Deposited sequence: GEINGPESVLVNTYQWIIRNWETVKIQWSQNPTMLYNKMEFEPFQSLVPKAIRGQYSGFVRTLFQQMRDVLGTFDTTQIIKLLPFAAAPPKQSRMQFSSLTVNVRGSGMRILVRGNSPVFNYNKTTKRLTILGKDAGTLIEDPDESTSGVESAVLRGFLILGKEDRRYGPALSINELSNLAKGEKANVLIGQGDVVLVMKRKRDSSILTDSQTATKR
C-alpha cells in the first residue's frame, strides 16, 4: 500500500517481519549490506533530513553494542530501530530517547525504549502494530538503548537520584547511575569500559 507516509511505515515493518529469518542473519553477519538495502529508502524519506545521519550513527552503535554484549539479543529492538540505520552515519555524543519520522507534517516519535503511537509491540500476542495497522506477528540487560551504556536493570537507590539522559556525560567508565530513561521509568545503567 503506497497511500502516503503511514503506508510507507507499515510496509517497512511488515517487510522486516516477513523477511526476519534472513534479515536476522544479515544483521549479525553483514550489517553494511542490510543497512544499504534499497527497501529502506522509503522510510528514510520520512526521516528529517537534518538528523538522519546522526540517527543512523546512533542506531549503528547500539546494534554493535548488542552484537558485542553476549546474551542481549532483542528482536523487537532490532526490528524497530533497523530502518534508522539505513542513512549514511554521522557521529555525535548525543543520546536519543526518540527517533522521529515525518507523517503529513507531524513529527512522530518512535521511542527507543518501549512502545509508542508509531511502534507498538504486544508481547503476549507477538503482534506488531504500526500506527494502528497490523504489521504481523513475530515468530519466537539492555545493550541497544543508550550509546556507551548498558541498562543493568531496575533502579538501584544506592546509586542515588536519577540523572536525565543528558547528564550522563559526567559518568566515568565502569561508573553506574540511575537514569530517567523514558515513560515513568528509572533504570540502573553503567557506562561501558568498551566502545562499540
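Counting the deposited sequence from 1, the stretches lacking C-alpha coordinates are 1, 142 to 149, 206 to 217.
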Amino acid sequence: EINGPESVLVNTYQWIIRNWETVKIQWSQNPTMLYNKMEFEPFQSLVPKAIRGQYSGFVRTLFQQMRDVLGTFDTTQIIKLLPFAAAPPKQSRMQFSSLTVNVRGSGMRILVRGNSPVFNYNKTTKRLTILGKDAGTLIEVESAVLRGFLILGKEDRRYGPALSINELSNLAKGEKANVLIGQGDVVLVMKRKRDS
From here on, numbers count along this sequence of modelled residues.
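Between the stretches 177 to 185 and 9 to 17, it is 177 to 185 that shows the larger average CA temperature factor.
Averaged over Cα atoms, the B-factor as recorded in the entry is higher for 151 to 159 than for the other of 151 to 159 and 54 to 62. Of the candidates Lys80, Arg93, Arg113, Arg109, the deposited coordinates give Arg93 the top C-alpha B factor. Annotation for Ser143, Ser45, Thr129, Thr32: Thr32 ranks highest, by Cα B-factor. In this PDB entry, the Cα temperature factor of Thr100 sits in the bottom third of its chain's modelled residues, the lowest group. In the deposited entry, the Cα temperature factor of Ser28 sits in the middle third of values across the chain's modelled residues. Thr125: CA B factor in the highest third of modelled residues in this chain (values from the PDB entry).
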